[PDB]
């Protein structure tokens, strides 16, 4: 469906990369990869409904979906959490001190995987 499948494939790969990052102990990177899984999955859902979407805000990605797509409120809350992982997980100036990587923990990254999985599952069922 005009590459929608390719983006879903990328989203699943990104989520596997976040799972493996968890195993490497690279929590901030796992969080970034989870936001990337969510982003790619939603861009794929947009493509399947004939739209091209942009950016890194999964909040906008969810808000711009066709009217016939019902978005549960829990996905909006997941979006707000994941949205803080696109830039702060990699750039030191997003935090008061130290490198970006040290501000992220395992529990945060597992929660990030959980939230991204909810997004992926919603997309897989709406495709």
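Numbering follows the first chain given and starts at 1.
- Of the two segments examined, 71-79 and 26-34, it is 71-79 that shows the higher average Cα temperature factor in the deposited entry.
- Relative to one another, 36-44 and 98-106 have unequal mean CA B-factors, and 98-106 is the one with the higher figure.
- Annotation for residue 49: CA B-factor lies in the highest third of the chain's modelled residues.
- In the PDB entry, a CA B factor belonging to the middle third of its chain's modelled residues is recorded for residue 59.
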